[PDB]
Amino acid sequence: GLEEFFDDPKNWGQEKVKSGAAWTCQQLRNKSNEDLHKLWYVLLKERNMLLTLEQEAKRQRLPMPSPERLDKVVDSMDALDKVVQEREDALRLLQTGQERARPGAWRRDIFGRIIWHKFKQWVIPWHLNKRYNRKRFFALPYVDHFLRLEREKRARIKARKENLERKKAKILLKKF
Amino acid sequence: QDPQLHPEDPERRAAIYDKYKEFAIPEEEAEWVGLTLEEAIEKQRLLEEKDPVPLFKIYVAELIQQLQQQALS
Amino acid sequence: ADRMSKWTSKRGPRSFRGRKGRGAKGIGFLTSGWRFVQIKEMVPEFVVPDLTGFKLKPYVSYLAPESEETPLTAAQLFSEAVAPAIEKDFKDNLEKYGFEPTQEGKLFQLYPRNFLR
Amino acid sequence: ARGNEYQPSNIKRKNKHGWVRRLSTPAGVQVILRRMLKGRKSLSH
Amino acid sequence: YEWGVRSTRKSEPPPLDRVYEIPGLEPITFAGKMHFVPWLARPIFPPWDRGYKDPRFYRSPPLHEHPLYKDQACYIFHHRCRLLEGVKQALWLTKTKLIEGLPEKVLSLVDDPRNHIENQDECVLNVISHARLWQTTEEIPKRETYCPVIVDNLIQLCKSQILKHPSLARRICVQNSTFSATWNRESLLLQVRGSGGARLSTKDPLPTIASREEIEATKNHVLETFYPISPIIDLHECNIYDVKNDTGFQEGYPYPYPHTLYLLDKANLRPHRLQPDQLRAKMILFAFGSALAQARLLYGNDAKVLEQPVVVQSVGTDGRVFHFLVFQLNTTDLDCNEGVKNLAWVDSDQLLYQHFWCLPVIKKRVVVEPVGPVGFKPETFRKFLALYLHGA
RNA sequence: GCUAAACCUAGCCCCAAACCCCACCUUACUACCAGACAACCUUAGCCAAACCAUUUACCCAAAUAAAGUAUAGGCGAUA
RNA sequence: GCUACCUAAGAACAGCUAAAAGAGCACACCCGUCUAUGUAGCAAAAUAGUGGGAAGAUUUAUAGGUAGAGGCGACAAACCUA
Ligand SMILES: [Mg+2]
Ligand SMILES: [Mg+2]
Ligand SMILES: [Mg+2]
Ligand SMILES: [Mg+2]
Ligand SMILES: [Mg+2]
Ligand SMILES: [Mg+2]
């Protein structure tokens with residue numbers, strides 16, 4: 001029902017709503033996959049209610065009652081997602097040896113930079129994909145000068161930062 | 001010494017190989033003759049590309065080895 | 001003339017505005033006459049459990065004891081899931097213990113992942 | 001009489017100065033590379 | 001001279017890398033990279049199999065492998081075929097003798113004023129005015145709109161005669177019916193796949209117009225030929241076809257007997273519209289096709305002179321000009337040019353009205369021609385009504 | 001007495017050392033159909049020669065020295 | 001994305017006179033003859049009146065193309081983002 005988008009009617013207008021603590025990753029690691037599945041939707045309904053409260057508080061130009069509830073619920077859902085992701089990652093490592101769920105490759109783009117190209121799903125092979133073959137995964141020799149120039153720009157930034165750090169340290173030593 | 005040179009004529013094949021004997025080099029070196037740097041990089045990447053072994057196999061081998069050591073000791 | 005504002009579907013002429021979307025995943029295809037055929041299997045079906053009788057709540061009592069974070073690892077999962085059976089059968093073909101040589105043939109393939117979330 | 005030389009049209013703008021046209025030639029790729037080196041927020045139009 | 005310039009022809013693939021010509025070594029290609037690079041060999045990709053299978057990405061097999069492909073090439077006449085020789089070609093194809101004017105048997109059905117519709121001219125004028133002027137909010141309706149409207153309203157006006165003729169209850173005008181008939185003509189196998197529209201079906205077959213004596217007299221008539229034009233010209237020469245005779249309906253259909261085929265040339269553009277001669281030829285061919293399908297369904301698939309000839313009528317109109325046809329199929333032995341021949345009575349270029357003024361022409365602020373039809377001819381509607389009433 | 005006036009570190013310069021989730025080439029930042037086009041090729045000129053026309057130093061792979069020497073050069077500017 | 005020319009596919013052209021017109025008068029529309037105003041202006045070329053064309057070698061929207069010793073030009077060395 002739509003009443004689940006709002007807090008308990010007794011709490012409407014209360015300046016403060018007492019709430020427990022956010023689920024922790026370790027606490028969630030003890031729960032079953034089914035238990036995590038159900039807790040995900042419990043937390044999702046709570047999150048929807050809290051977002052509704054936040055938006056209505058903005059609309060009414062009033063402070064949100066106990067805004068830390070939203071932070072707690074977001075942290076709990078993040079922890080649940082991390083726990084499920086850990087379990088899936090461990091299973092994937094065990095059964096395939098792949099440290100990453102999505103296929104990809106290190107490729108050099110048209111600008112000479114090394115990127116992690118994440119693969120996409122296609123129905124036809126790459127040598128037939130017309131749009132894919134327009135994309136260039138190589139850098140022609142005119143990019144080498146710009147690669148050197150970018151490297152030297154990075155080097156200048158790093159040298160400035162390190163010199164500034166050393167000078168600040170010397171100033172602190174002189175002060176104290 | 002590929003037998004595909006004039007198959008069904010081993011004497012002719014051996015004659016050709018003897019004629020050009022002095023240039024023979026190990027196959028591990030002949031595989032890389034005349035390769036550009038990019039071709040060589042691609043060849044090496046193909047040589048050393050291996051789908052990762054599932055950690056299941058590694059952990060099973062390690063556990064069996066550890067159990068063998070425990071049984072022996 | 002506005003180079004900085006994000007390119008959205010609200011900006012170009014009619015063809016541009018029709019062609020560009022907002023990130024919503026496709027649900028079907030377009031046939032002759034611009035008739036949209038919606039594929040049921042393309043629509044994400046929400047697998048919502050029955051929450052009746054569930055004891056967990058969005059928050060945890062502060063009375064709960066503190067613990068140390070121990071992220072699950074492949075080694076830990078193997079030890080807690082496969083090592084007991086391996087030991088019991090070694091004291092007395094890895095598919096019997098759970099390992100599958102290939103993900104092909106499964107509905108939920110672990111790599112390349114073919115399921116949502 | 002003069003001054004209104006800009007008669008905007010997004011089709012012409014994208015077809016003339018867009019990312020795809022810039023990448024379509026080695027010279028335009030170097031245009032993008034120069035903008036990236038300078039740190040331009042807007043690489044193409 | 002060859003058609004299609006080189007610059008438009010598909011570009012020749014680049015020459016193969018010389019590395020592929022050297023027997024002993026495996027070329028290093030960018031296939032492993034999964035993307036093109038210009039400094040590696042171009043892979044030779046095996047042809048991809050799973051492609052032309054998905055319904056929305058399907059490639060039909062070559063015509064040779066289709067189930068109905070046949071080495072003998074049939075010549076099909078469909079709704080969008082325009083005979084070069086027109087009526088002569090249709091007569092040769094159908095082994096038919098032409099008779100100018102509708103037969104007296106049908107023409108007499110409207111001689112008596114009882115069959116004449118009360119307020120006939122008024123109702124027909126209202127039909128023409130609605131079709132050509134009053135049909136839409138637009139000032140001048142197009143032919144695509146006023147041809148079907150004029151035909152349907154004329155059919156309704158004729159159907160109003162159910163008062164005098166209760167036999168008109170045993171008929172119905174079906175739409176989108178499609179028939180197919182195959183037959184041989186001098187070792188040439190011809191098919192007609194008539195689609196058209198507005199097939200008037202009746203529960204009872206039409207009475208024969210020509211007597212046995214006239215049908216036999218058709219033997220002496222020589223089937224006119226045209227040279228060097230082959231009778232096959234403008235017919236779709238197709239190797240994929242079905243020789244089955246289809247009447248367009250499942251067995252057991254009430255109203256099985258065709259009565260009138262209403263063919264309408266409603267294209268807005270003159271080049272997309274049939275010439276009157278080609279329309280008459282199409283009428284001949286469709287009437288013959290429906291009659292032949294009926295004959296093959298009734299008296300079996302045997303080439304013979306029909307003891308009971310099959311009569312099919314047709315009205316082919318462009319919205320203003322009408323052509324009336326009564327076709328008597330009295331032989332399924334079409335292969336030879338000799339013997340009794342089918343016979344068709346045709347009345348040609350019967351114009352319902354000479355012209356229609358949608359706008360009042362004004363010269364020097366004076367109305368010369370008022371809005372409405374000019375040169376209305378009730379005789380053509382009399383012939384239309386006679387054709388409708390035939391068999392009732 | 002208004003406007004102002006003043007301030008010191010935000011950083012910067014030169015050295016040394018050290019080698020540095022999702023989306024996006026289609027109208028980029030756009031989940032999802034038949035590829036194939038795929039790159040390579042002397043710099044020139046300003047300028048000096050008081051014009052200019054041959055000519056006129058330019059990341060080299062040990063600084064110094066040999067030595068601005070041998071050489072080159074409208075045997076001249078210069079190299 | 002101005003402008004010059006071109007390509008593809010569009011659109012507009014009242015009324016009267018005349019009768020199938022690079023026809024007449026004259027709206028829309030295009031232009032810019034003459035005068036006046038304006039001259040850091042409303043405007044880095046405008047305004048008001050007047051005037052030329054206004055079914056054509058017309059005007060015009062959209063997309064595309066030709067690039068600098070080059071383009072384009074019913075040649076004014078005109079135009080190619082004041
Ligand atoms: Mg414009
Ligand atoms: Mg000089
Ligand atoms: Mg006019
Ligand atoms: Mg004129
Ligand atoms: Mg001009
Ligand atoms: Mg001149």
Side-chain angles (χ1 to χ4, degrees), chain A residues 81 85 100-102 109-111 115 117-118 120-143 147-148 150-164 166-168 171, chain C residues 1 6-9 11-13 15-17 19-29 39 42 117, chain D residues 1-24 26 28-29 32 43-45, chain E residues 10-14 30 35-39 42-43 45 47-48 50-54 56-59 363-365:
Chain A
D81 216 355
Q85 193 54 235
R100 187 174 290 103
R102 188 179 173 172
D109 61 7
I110 192 167
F111 306 121
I115 60 169
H117 173 65
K118 303 177 181 172
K120 282 170 62 180
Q121 290 159 345
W122 312 87
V123 181
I124 60 176
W126 73 264
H127 72 276
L128 292 175
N129 186 344
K130 191 181 175 183
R131 207 218 310 170
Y132 178 76
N133 292 327
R134 286 200 299 267
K135 206 158 162 185
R136 279 144 297 176
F137 290 103
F138 58 98
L140 287 183
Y142 58 75
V143 185
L147 288 180
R148 181 184 170 188
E150 288 279 16
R151 174 180 173 176
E152 285 160 352
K153 184 184 177 187
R154 285 197 315 274
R156 270 192 222 90
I157 296 168
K158 186 186 181 187
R160 284 201 298 271
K161 180 183 54 57
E162 291 180 339
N163 210 251
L164 187 70
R166 291 191 207 94
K167 293 226 186 313
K168 294 299 199 57
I171 291 305
Chain C
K6 197 190 171 305
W7 187 245
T8 63
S9 64
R11 291 194 58 185
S15 53
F16 280 30
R17 299 193 305 266
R19 182 142 35 237
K20 191 158 180 60
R22 275 282 179 159
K25 254 80 183 187
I27 295 300
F29 53 90
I39 301 173
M42 272 187 166
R117 302 267 299 164
Chain D
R2 306 303 307 277
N4 61 342
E5 286 84 38
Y6 185 53
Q7 299 297 308
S9 60
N10 283 293
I11 299 178
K12 287 190 179 293
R13 197 171 49 81
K14 304 289 259 182
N15 289 359
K16 274 145 162 33
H17 312 299
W19 181 263
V20 173
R21 188 184 178 88
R22 284 282 141 84
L23 300 203
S24 81
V29 172
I32 299 291
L43 301 177
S44 70
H45 202 174
Chain E
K10 174 63 181 180
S11 185
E12 190 72 28
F30 57 75
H35 64 79
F36 174 91
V37 291
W39 40 76
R42 187 177 307 271
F45 300 104
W48 187 48
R50 285 205 202 183
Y52 310 107
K53 174 261 154 196
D54 184 83
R56 312 195 301 107
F57 297 90
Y58 180 77
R59 186 81 47 185
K363 298 174 189 170
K364 302 302 180 190
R365 294 177 179 87

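So that the names make sense, note that chain A is the first sequence line, chain B the second, and so on, each numbered from 1.
- Contacts of residues 123-135 of chain A with RNA chain F (heavy atom under 4.0 Å): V123(A), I124(A), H127(A), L128(A), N129(A), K130(A), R131(A), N133(A), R134(A), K135(A).
- When distances run from any side-chain atom of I11(D) to the nucleotides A63(G), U27(F), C33(F), the shortest one goes to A63(G).
- Between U39(G) and its strand neighbour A40(G) the base rings do not stack, failing centres under 5.5 Å or planes under 30°.
- When the salt bridge (charged side-chain N to carboxylate O under 4.0 Å, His left out) test is applied to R148(A), the partners found at least two apart in sequence or on another chain are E152(A).
- Each side chain to side chain donor-acceptor pair (under 3.5 Å) pair with one or both residues in residues 2-15 of chain D, not counting sequence neighbours, appears once here: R2(D)-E5(D), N10(D)-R13(D).
- Proximity of the aromatic rings of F111(A) and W19(D) is defined here by a centroid distance below 6.0 angstrom, and this criterion is met.
- With both pairing distances under 3.5 Å, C13(G) is matched to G56(G) as a Watson-Crick or G-U wobble pair.
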Close N or O pairs between protein and nucleotides 41-48 of chain G (under 3.5 Å):
{"unit_1": "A45(G)", "atom_1": "OP2", "unit_2": "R2(D)", "atom_2": "N", "d": "3.2"}
{"unit_1": "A45(G)", "atom_1": "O5'", "unit_2": "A1(D)", "atom_2": "N", "d": "3.1"}
{"unit_1": "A46(G)", "atom_1": "OP1", "unit_2": "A1(D)", "atom_2": "N", "d": "3.4"}

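- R148(A) comes within contact range of at least one nucleobase, with a heavy-atom separation under 4.0 Å.
- Taking a pair as Watson-Crick or G-U wobble with both distances under 3.5 Å, RNA chain F forms no stem of 3 or more consecutive pairs.
- Under the ring pair (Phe, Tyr, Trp, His ring centres under 6.0 Å) criterion, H35(E) pairs with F137(A), sequence neighbours left out.
- Checked against salt bridge (charged side-chain N to carboxylate O under 4.0 Å, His left out), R50(E) has no partners two or more places apart in sequence or in another chain.
- Checked against a 6.0 Å centroid threshold, the rings of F36(E) and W126(A) do not count as neighbours.
- Comparing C27(G) with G51(G), their P atoms are spaced 9 Å from each other, to the whole Å.
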Give every pair of a protein N or O atom and an N or O atom of nucleotides 8-11 of chain F that lie under 3.5 Å apart, one pair per line with the distance.
{"unit_1": "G11(F)", "atom_1": "OP2", "unit_2": "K168(A)", "atom_2": "NZ", "d": "2.7"}

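- The residue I171(A) sits apart from the nucleic acid: no heavy atom pair falls under 4.0 Å.
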Generate the contact string for nucleotides 15-20 of chain F. Rules: B means base contact, S means sugar-phosphate contact only, - means no protein heavy atom under 4.0 Å. B---BB
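- For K153(A), the NZ atom is densely surrounded, since the number of other residues' heavy atoms within 6.0 Å is greater than 12.
- Residue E162(A) qualifies as enclosed at atom CD: its count of foreign heavy atoms under 6.0 Å is above 12.
- Judged by centroid separation below 5.5 Å and plane tilt below 30°, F16(C) stacks onto the base of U27(F).
- Remark: side-chain polar atoms of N163(A) are not paired, donor with acceptor, to backbone N or O of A159(A) under 3.5 angstrom.
- Rounded to the nearest Å, the gap between the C1' atom of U66(G) and that of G38(G) is 41 Å.
- With hydrogens and angles ignored, a donor-acceptor pair closer than 3.5 Å exists between the side chain of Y52(E) and the base of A34(F).
- The nucleotide whose nearest atom lies closest to any side-chain atom of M42(C) is, among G35(F), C25(F), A31(F), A31(F).
- A Watson-Crick or G-U wobble pair links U66(G) to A4(G), both relevant atom distances lying under 3.5 Å.
- In this structure, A36(G) and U47(G) make a Watson-Crick or G-U wobble pair, each of the two defining distances being under 3.5 angstrom.
- Judged on ring centres (limit 5.5 Å) and ring planes (limit 30°), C33(F) and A34(F) do not form a stacked step.
- By the 5.5 angstrom centroid cut-off and the 30-degree plane limit, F57(E) is classified as stacked against the base of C33(F).
- Look at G22(G): its glycosidic torsion is within 90° of 0, and that puts it in the syn range.
- For RNA chain F, the residues of residues 12-22 of chain D within the heavy-atom distance limit of 4.0 Å (strictly under) are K14(D), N15(D), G18(D), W19(D), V20(D), sorted by number.
- Residues passing the side chain to side chain contact (heavy atoms under 4.5 Å, CB included) test with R136(A) are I110(A), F138(A), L23(D), sequence neighbours excluded.
- South puckering is assigned to the sugar ring of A62(F), since its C1'-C2'-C3'-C4' angle is below zero.
- Ring stacking holds between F36(E) and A38(F), with the centres under 5.5 Å apart and the planes within 30 degrees of each other.
- Under a 3.5 Å limit on both donor-acceptor distances, the bases of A43(G) and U60(G) fail the Watson-Crick or G-U wobble criterion.
- Residue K20(C) has a polar side-chain atom (N or O) positioned under 4.0 Å from OP1 or OP2 of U30(F).
- Listed nucleotides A34(F), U27(F), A36(F) differ in distance to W7(C); the shortest reach to its side chain belongs to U27(F).
- The side-chain tip of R11(C) does not point at the ring of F16(C) from less than 6.0 angstrom away and within 45° of straight on.
- Taking 90° from 0 as the syn/anti boundary, the base of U27(F) is oriented syn.
- Residues passing the salt bridge (charged side-chain N to carboxylate O under 4.0 Å, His left out) test with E12(E): none are found, sequence neighbours excluded.
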